[PDB]
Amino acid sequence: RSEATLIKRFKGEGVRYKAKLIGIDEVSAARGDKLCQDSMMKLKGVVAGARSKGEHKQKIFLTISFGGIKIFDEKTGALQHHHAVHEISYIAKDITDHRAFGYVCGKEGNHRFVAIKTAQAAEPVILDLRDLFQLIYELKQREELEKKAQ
């Protein structure tokens, strides 16, 4: 967890994670567990109902880096969603599902809840996000105390 190793870990393209996009939903707050717990269920349900029509979630791969969270389509590699760190307000895992998590994107009054179904556990992704957020906060304080101590 050395600031130096952690900075190397999120540098550039950062960490990659194979997953599927459950869905994107418009919410009202920038945070809250119940609110962000409910929205997950609403999205999984839309997905569940779609299975009857031979629907499938879009296979994607996502990156966690200083650019925030990016979602790339697995087939064409095209970047479909880029959510900068300062636009992300809340991270929340799914209690009844260890392979799914979500987060809220957007500026005040225009939030969105993104739901993801990871190939492996969602634990490592939540952890990386946590550390990346904390890191940036620290680097921002220190690199501010310095400029203001000029």
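Start at 1 and count along the sequence shown; that's the residue number.
Colleague: Comparing 63 to 71 with 106 to 114, which stretch shows the greater average C-alpha B-factor in the deposited entry?
Modeller: Looking at the record's C-alpha B-factors, the answer is 106 to 114.
Colleague: Give the stretch, out of 137 to 145 and 12 to 20, with the larger mean C-alpha temperature factor in the deposited entry.
Modeller: So the stretch with the higher mean C-alpha B-factor is 137 to 145.
Colleague: Taking the values straight from the PDB record, which of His83, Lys57, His98, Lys42 has the highest C-alpha temperature factor?
Modeller: In this record, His98 carries the highest C-alpha B-factor of the candidates.
Colleague: Ranked by Cα temperature factor within the chain, is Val27 in the lowest third, the middle third or the highest third?
Modeller: Ranked within chain, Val27 CA B lands in the highest tercile.
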